[PDB]
Every structure is written in C-alpha cells, then in structure tokens.
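Consider the single chain below, provided in structure tokens and representing the form deposited in one PDB entry.
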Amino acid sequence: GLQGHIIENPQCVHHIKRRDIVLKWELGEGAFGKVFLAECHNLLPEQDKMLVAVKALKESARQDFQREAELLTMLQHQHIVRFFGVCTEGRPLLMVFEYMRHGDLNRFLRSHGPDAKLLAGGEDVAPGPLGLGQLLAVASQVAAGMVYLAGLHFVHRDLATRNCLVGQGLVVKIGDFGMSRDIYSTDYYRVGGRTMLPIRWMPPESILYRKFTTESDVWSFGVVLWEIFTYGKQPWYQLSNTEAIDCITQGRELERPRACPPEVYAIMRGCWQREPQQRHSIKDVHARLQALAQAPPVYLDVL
C-alpha cells in the first residue's frame, strides 16, 4: 500500500479510557486526521498526569486502525516512538503516543544548522551548529531503530529524517503520525491520483522494479545519514523529481557533505551499492556509527 504505512508489514492492544485523556491543543494535521497534545492520567505509575501526543482518526478506517494498533503494540524499543494504546470508547478513535518535545528530526536538524548561534542553545543542545559527536549520536540512534525493525523483518519504505522524532535529552526515535505527505509534500513525487513516492530516498530497484526490502531501507538510511550531515537539506535539492529519478537510476551518488568526515561518507557509500546484496547490513552500519559516536574527543577531533 502506502510507503511508510506500518500495515504494509504482514506480521494485546492496550485501551485507555476517554476520561483519562484531556486534549490541550493541536500539534499537526493531515488527510487522515489530527495530532493533539494531551494530558493522560493513570497511564504510568511514576506519573499521575503526563503529556502525550494523541492521533485522532478522521472518519475500512476502523479495520486499518485495528491492524495499525496491533503492529504498534508489537514494536517495543528505545529508538521506536513509544505507543501507549487506543481509545475506542465512542468517536473519534484515538491512538496515544509519547510526546517528543523537539518534533521531527528534519525540523530539529534545520534549527541546529551551520547558521545557528547562542540563541539556538537550550536545555538539550548547545548553541551553534550540532557538533560531529551530536550528529553521530543522532545517526546511531536512527540506525538502532532500523536494527530492531530489520530483526523483526519489518520494512519501513519511507525512512527519512521527517519520519523520526526527537525528545528530551536528544533521544531520537523512528516514528510519525502519517502526515509527512501533507507537511512535507515537496519530499514526494506525485504519480497521478493520490500516490506520492519519496523518490529522493529510494534506491534504483525501488524506482525501476518497485522492489522494497531490508536492503532498500539501508539505502534510505544512507540518505538519512546524508540529511543528518547536511543539517536536514533535501537530497538532490538542485534537481526536479524527474531529474532525481534520472540521477538515481543512472548510479549518481550524493556528494560528501562539508560536515561529513571521509570515514562517515564511507558508511553512506556502503548503503548505496547498486546491488542490494552488496550493501552493508544495518547491524554493521549501526556498529560503525555507535563506535564513532562513543569515541573519545581525542579520536573524533582528528576524524
């Protein structure tokens, strides 16, 4: 079905009473519904009242909602956005997620870019552009989520920074509320009717043959690594959608970002081997990123 829609995977759901959810205000909006900030009571022992993100269904839908809830409940990992469960008592149908204070990683990258000064600094992040060690910590975390999805044989098909969230202490997790085509329409190619393909993130076998695997996700992860080291720039931004299809199917690679050490660009190139079976595993890409994120400053300073 839709690239990046969890029910594209063919592999218990917690219920929350409507009275325990108090909507505060809207956070975002798309064709399939809205996301609110809400207070959720009686959800976690430590917290009598905590903030959550609530996704309200705009309403087939109820059967898609049921299979989404099943698959979200099955995902339990430090770098997948936490799903608390559903409110099916009347309407609208609600899904309850942890609140990720910094929003999506593309927005977070662009607001800590090469132009950032003292004012960009805050609780969680230093002033000025994100440093090598912070960029590596972001990439490591997204890779760890992708290790977990690969271990469960899930394929994402729309992995991009816009589809990752950033929380307190710069925790980064894979997740979205199904509105990236509404909020970031320029990141998709419209192919008639309603279909919208994230071509700039897709390998040749996906664009040419419509094949999607663990190995096409690793390609997409390579593109995520490029977005991180460009502070959120669009891949192929100088190109039209058809120009980008021509570049990707002809074997052109994204150029080393200014902020990317050769060792890291080598990790991006391992994700971009033309032949899927020749790309490095997500386990290996994650081991190499984690090692660099955790490396002492004396080592990172000469990278």
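Under this definition, the rigid core comprises the largest set of C-alpha atoms superposing within 1.5 Å between the forms. Only residues modelled in both forms are compared. Numbers for residues come from their place in the sequence shown, where the first is 1.
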| query | finding |
| --- | --- |
| Test item: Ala120 lacks coordinates in at least a third of other entries | yes |
| Cross-entry absence of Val191, a third or more of other PDB entries | yes |
| Between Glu59 and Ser60 - deposited residues without coordinates, as a size class | 1 to 3 |
| Continuity check for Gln294 and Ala295, given as deposited residues lacking coordinates between them | none |
| Segment of higher mean CA temperature factor, 225-233 or 68-76 | 68-76 |
| Stretch with the greater mean C-alpha B-factor as recorded in the entry, comparing 139-147 against 84-92 | 84-92 |
| Highest-ranked of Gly175, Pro198, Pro203, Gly121 once sorted by CA temperature factor in the record | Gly121 |
| Selection by C-alpha B-factor (highest) of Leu239, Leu43, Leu254, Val54 | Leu43 |
| Entry-reported Cα temperature factor of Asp182, expressed as the chain third it lands in | middle |
| Third of chain Cα B-factors occupied by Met50 | highest |
| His112 CA temperature factor, ranked by third within the chain | middle |
| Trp272, C-alpha B-factor rank within chain (lowest, middle or highest third) | middle |
| Chain third (lowest, middle, highest) by recorded CA B-factor, residue given as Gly169 | middle |
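If you look for the form deposited in another entry, you will not find it shown, but the lines that follow are about it.
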property: Moved residue between this form and the one not shown - picked from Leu75, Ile207, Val147, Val125, where its Cα shifts 2 angstroms or more relative to the rigid core; result: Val125
property: Closer or farther: C-alpha pair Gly232/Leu118 in that other deposited form, relative to this form, given a change of 3 Å or more; result: closer
property: Direction of Cα pair change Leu119-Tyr184 in that other deposited form, magnitude 3 angstroms or more; result: closer
property: Regions of at least 3 residues displaced between this form and the one not shown by 2 angstroms or more (CA, core superposed); result: 117-127
